[PDB]
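A short write-up of the structure that comes next.
What is reported rests on the model, the rules as stated and the sources as named; nothing here is a laboratory result. Note that we place each Cβ from the backbone using ideal geometry, even for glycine, and neighbour counts take in every protein chain shown.
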RNA sequence: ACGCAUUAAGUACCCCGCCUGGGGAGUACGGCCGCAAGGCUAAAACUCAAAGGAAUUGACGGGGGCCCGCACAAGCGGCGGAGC
RNA sequence: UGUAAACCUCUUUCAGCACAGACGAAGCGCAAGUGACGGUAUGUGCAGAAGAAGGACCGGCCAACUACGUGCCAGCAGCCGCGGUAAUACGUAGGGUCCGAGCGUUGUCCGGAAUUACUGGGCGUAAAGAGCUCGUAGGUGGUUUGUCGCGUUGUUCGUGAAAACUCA
RNA sequence: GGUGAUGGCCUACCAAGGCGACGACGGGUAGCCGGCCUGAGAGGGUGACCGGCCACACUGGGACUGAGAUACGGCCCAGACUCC
């Protein structure tokens, strides 16, 4: 069954980005909305919007494509999955592509980029890698 | 000044009614050492002729590597045919640390300090193709920043920024020494 | 233990003149032996090996000593090749040869070994002593008047001394500022191959 | 395998094949021969290889090759066996040290002398 | 590699079974089940420097298709028997 | 071979022979002395190149090749494999390479081995999906509100003996 | 009851419980660690010197003295061995 909604988010995003679609429709959750907020802030997605469906809200994200047809997302991989969960200290924050990517970490202060978490000194569970 | 290396000379055979017809193959890598590399694979009836075909093919197929002064930008993992090669940036003064084919491609491209390891299919040609794929997977910070629409300050870390500064300073100092 | 065999032989094999001013290298630039004329297949191990051979056979160090020096330099924060060359140039024999009192490195080795020198007032007769910052090197009285030392010191118009070494008095006094950097070592050959060989 | 399957079963290493069993954790053993004889090698090769069937201090009977061109060893003499592989002889796993106990260093040997236990000339 | 390709062998998450060179061997001993035939669990000594998968170029087929040649078929004259 | 040598000059470390000769003891002691190491370390003199190099390897991995001697013999070998009268692979020579008071062999462990794959592997045909289901323990879990602070994270205190490791 | 001390530690009675696939009970092997070797790291191997604990003193039992006892150069008994 559906066991990992966040991995479902990531694989839907990855498949649509590989197929060059422009919009992506998901069932909606607050965690997914926050992840989309981080992705929008870091420039990976153009914009996201929540819309009401028959059984609830729905997340729609617009993908960002380069003027030469280049994709704004190179990879999308989850890290802390059910079963093996990954927690990171403030002094062991993961780096993606030598820091050229972004790692989204759930902390007591909320969802933060690894740069933000290293700056604030907090740590937590690493959710996914984006590059 | 084109630097050429020849990693594999392999004697290859086809059998006909009379017997075996023998021909030679050469895998040649051509690079200038300034960040421009290209791999060529040529085959002929003799070693010198196969070498000429390989060199011409490599010169025809060139390709640019995103270096940062001496080392590559970020770690990467290339995969071609059944060969797997991992590349990891190294600190200044380390030197090229890689196998035969990987070292040849890597030093023709102009990389000086880099960690490299081959994780399958020890065949030279497939390791070369895996290295080429890994190099193709590299990205420049300016292009990443343009791709995600952010200034370079929020994309690359401070260490890469200082390395960029020092590489630019060395380039300018050498240009000044050459011009005057 | 030192190496006593012929010196121009190793320059012949290694393709680089080491002492510098001999005629044998020029009249016989090819490697020794019956088959020194044979064409030789190229190999990266051959290159990296011969590089070390030039370094060690120019300075006089043995393999165990040189490997220990390499490990020390790799441990040092600087670039491994630079730390190598500056460590091997901190040796007393090399410093003496560089200051001009020795017409060659073998001269410096023997002249330090027989205790003709003294650093900061202590009789130091070991060639592998590593000169530090701010060291004053003087000679002893018995060696000051001896004929070969006198000849070399009085006729010393050969190769110029570098910056960090400085001879200052007619008594042949040596004084050092700093450990050299890669511009100031200015010995031949290359360091990257040296590093890669031991990285193998 | 899944992470739960790993926390359930785990990864087991490949079992190590004990090589040169007769030595019993010893570098060399002092044996004694039962026979001295020649043995024909495999198909591709052809020779007459000299061996000895040594009864060992480890209470094991082994066959050991005898290097060199000439050996003084006759039947049941004291020797010093050593580990070593020879393809030509399928069942031979040990070598006899030349120059120890009754074994004489081979004669007229001049090059790679230390392997064959021959003293330096004069 | 052949090929798979919304019925994936594609991108992903959860749980289970299994593999770690070829023989020896799914065999021996021990145990459980079975009326029996036997099944299930399952080694070691010894030995080899390979055993394999896919695809290529030839060769071959008491495989197919299309063609020829005193090859057969239709004829003439022989050799194999005798002396030299 | 080889600037190697022979020869001309030179310095003589270390050994040799002589003379001097400790620190270790702000110590012990109410006695005048108290150092086993030790007459050693260490100093100052004399003699003269004088008393001092060997071991593996040289088909490929793997730095380093030619001649003569046996021709499937004798032997070599870490793996492929070298020997069947013109062997760079055997033996001996020259020559060379690598180390050097060491140089090789054996034994054992780690590495290379992503070859038990947590980092970091797989199962159509190469080894590998139970013949197929049901279900116990276990593992795993859709959207959302509140609470706990067990997991998680931050900070502080105690502890983590010394030696070890790394930086000065 | 005992001990310095709690406690099936021992004893009398009463209840029938306690441990086990998160491997009881068995079998094999082994002193444990700070550390050492290797490795990029995780990991693998190991417990030489030096240092901290533990166990033992020909084998197997036992207690005494004592603040404190595996009491190596103590005692008692039974054994094997050496000697008068």
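Taken over the stretch B:135-170, the criterion of being closer than 16 Å to residue A:131 by Cα, part of a helix (DSSP H, G or I) and either free of Cβ contacts under 8 Å to residues at least 24 places away in the same chain or within 8 Å of another protein chain (Cβ to nearest Cβ) (or both) is satisfied by B:141, B:142, B:143, B:144, B:145, B:146, B:147, B:152, B:154, B:155. Restrict the check to the stretch C:18-37 and report whether at least one residue is closer than 18 Å to residue C:194 by Cβ and in contact with a helix residue (DSSP H, G or I) (Cβ under 6 Å, 6 or more places away or on another chain). Scanning the stretch C:18-37, I find at least one residue that is closer than 18 Å to residue C:194 by Cβ and in contact with a helix residue (DSSP H, G or I) (Cβ under 6 Å, 6 or more places away or on another chain), so the answer is yes. Within the bounds of the stretch B:86-107, is there any residue that is out of contact with any strand residue (DSSP E or B) (no Cβ under 6 Å at 6 or more places or on another chain), more than 11 Å from chain C (Cβ to nearest Cβ) and surrounded by fewer than 19 Cβ atoms within 10 Å (Cβ to Cβ)? Checking the stretch B:86-107: not a single residue is out of contact with any strand residue (DSSP E or B) (no Cβ under 6 Å at 6 or more places or on another chain), more than 11 Å from chain C (Cβ to nearest Cβ) and surrounded by fewer than 19 Cβ atoms within 10 Å (Cβ to Cβ).
Tell me which of these residue A:48 doesn't satisfy, since it passes every other one: (1) buried (at least 17 other Cβ atoms within 10 Å of the Cβ); (2) touching a helix residue (DSSP H, G or I) at 6+ places or on another chain (Cβ under 7 Å); (3) closer than 23 Å to residue B:143 by Cα; (4) not assigned by CATH to the domain that holds residue A:130. Unmet for residue A:48, out of (1) buried (at least 17 other Cβ atoms within 10 Å of the Cβ); (2) touching a helix residue (DSSP H, G or I) at 6+ places or on another chain (Cβ under 7 Å); (3) closer than 23 Å to residue B:143 by Cα; (4) not assigned by CATH to the domain that holds residue A:130: (3). The condition of being more than 16 Å from RNA strand E (Cβ to nearest atom), over 30 Å from residue A:82 (Cα atoms), in contact (Cβ under 8 Å) with a residue 40 or more places away in the chain and within 14 Å of the chain's Cα centre (by Cα) holds for only one of D:62, D:79, D:51, that being D:79.
Checked against the criterion of being more than 28 Å from residue B:169 (Cα to Cα), more than 14 Å from the chain's Cα centre (by Cα), part of a helix (DSSP H, G or I) and away from every other protein chain (no Cβ under 14 Å), the candidates B:53, B:43 yield just one match: B:53. Look at (1) free of Cβ contacts under 8 Å to residues at least 40 places away in the same chain; (2) within 16 Å of RNA strand E (Cβ to nearest atom) and you find that residue D:93 fails only one, number (1).
Screening A:5, A:27 for residues that are away from every other protein chain (no Cβ under 14 Å), within 27 Å of residue A:83 (Cα to Cα), exposed (fewer than 14 other Cβ atoms within 10 Å of the Cβ) and in contact (Cβ under 8 Å) with a residue 24 or more places away in the chain leaves exactly one candidate, A:5. Of the helices (runs of 4 or more DSSP H) that lie entirely inside the stretch C:1-71, those containing 1 or more residues that are within 14 Å of chain B (Cβ to nearest Cβ), at negative phi and in contact (Cβ under 8 Å) with a residue 40 or more places away in the chain span C:44-59.
With the condition kept exactly as written, say whether any residue in the stretch A:35-46 is more than 10 Å from RNA strand E (Cβ to nearest atom), away from chain B (no Cβ under 14 Å) and over 21 Å from residue A:108 (Cα atoms). Among the residues of the stretch A:35-46, not one is more than 10 Å from RNA strand E (Cβ to nearest atom), away from chain B (no Cβ under 14 Å) and over 21 Å from residue A:108 (Cα atoms), which makes the answer no.
Given the structure, is residue B:178 on the phi > 0 side of the Ramachandran plot and either surrounded by fewer than 19 Cβ atoms within 10 Å (Cβ to Cβ) or in contact with a helix residue (DSSP H, G or I) (Cβ under 6 Å, 6 or more places away or on another chain) (or both)? When the stated conditions are applied, residue B:178 does not pass them. Filtering the stretch B:44-69 to residues that are closer than 14 Å to residue B:6 by Cβ, crowded, with 16+ Cβ neighbours inside 10 Å and in contact (Cβ under 8 Å) with a residue 24 or more places away in the chain leaves B:50, B:51, B:53, B:54, B:55, B:57, B:58.
Could you check, for the stretch D:24-38, whether at least one of its residues is away from chain A (no Cβ under 14 Å), at negative phi, in a helix (DSSP H, G or I) and near RNA strand F (Cβ under 6 Å from one of its atoms)? The answer is no, given that none of the residues of the stretch D:24-38 is away from chain A (no Cβ under 14 Å), at negative phi, in a helix (DSSP H, G or I) and near RNA strand F (Cβ under 6 Å from one of its atoms).
For the stretch C:79-164, the helices (runs of 4 or more DSSP H) that sit wholly inside it and include 3 or more residues that are farther than 30 Å from residue B:91 by Cα are C:92-99, C:105-113, C:141-144, C:147-154. The residues of the stretch D:1-23 that are assigned to a loop (DSSP other than H, G, I, E, B) and either over 30 Å from residue D:95 (Cα atoms) or more than 8 Å from RNA strand F (Cβ to nearest atom) (or both), listed by number, are D:1, D:2, D:9, D:10, D:11, D:12, D:13, D:15, D:17.
The combined condition, being more than 16 Å from RNA strand G (Cβ to nearest atom), more than 14 Å from chain B (Cβ to nearest Cβ) and within 17 Å of the chain's Cα centre (by Cα), is not fulfilled by residue A:71. Those residues that are in contact with a strand residue (DSSP E or B) (Cβ under 9 Å, 6 or more places away or on another chain), farther than 13 Å from residue A:25 by Cα and more than 14 Å from chain B (Cβ to nearest Cβ), I need them from the stretch A:47-68; list them, please. Matches in the stretch A:47-68: A:55 only.
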